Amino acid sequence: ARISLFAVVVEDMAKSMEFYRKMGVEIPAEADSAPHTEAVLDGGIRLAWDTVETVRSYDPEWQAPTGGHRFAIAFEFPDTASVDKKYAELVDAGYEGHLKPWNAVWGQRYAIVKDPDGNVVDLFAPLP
């Protein structure tokens, strides 16, 4: 078997797409009306989003979680200043800043925001 796709459950497709569009993700046209949307990553792994309605049609037991994230999506920037700047742009836009940029022990400038559903999105670049 091969990992082909990572999927995220969204309360509101259009609101989630606004966020991922801003992150730079290539979002299919008209995705705001879709029950399921896919973005294509290098190598052809897919990032997909499904509405809650969609999920409950085959997985009615689904309920949102509460509390911390089990997962994160990490976006790489071409330099460390770009991390700080994008963090600032996202907070401005009203997105939740979770952890302001810092120099991480593992050698990257790092910062953490949340998507509209509260999913963890990491911003990073390698340290000089």
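In case it trips you up, residue 1 is the first one in the sequence shown, and so on.
Check: Comparing 26-34 with 48-56, which has the greater mean CA B-factor as deposited?
Finding: It is 26-34 that shows the higher mean C-alpha B-factor.
Fill in: Average Cα temperature factor in the PDB entry - higher stretch of 58-66, 77-85
The deposited B-factors put 58-66 ahead on the C-alpha mean.
- Query: Among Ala39, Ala93, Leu99, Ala72, which carries the highest Cα B-factor?
  - Reply: When the deposited C-alpha B-factors of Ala39, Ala93, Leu99, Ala72 are compared, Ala93 is largest.
Identity of residue with top Cα B-factor, from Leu127, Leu5, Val121, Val8: Largest recorded C-alpha B-factor: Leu127.
Practice item. Within this chain's modelled residues, let me know which third the CA B factor of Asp115 belongs to: lowest, middle or highest. Key: It belongs to the lowest third of the chain when residues are ordered by C-alpha B-factor.
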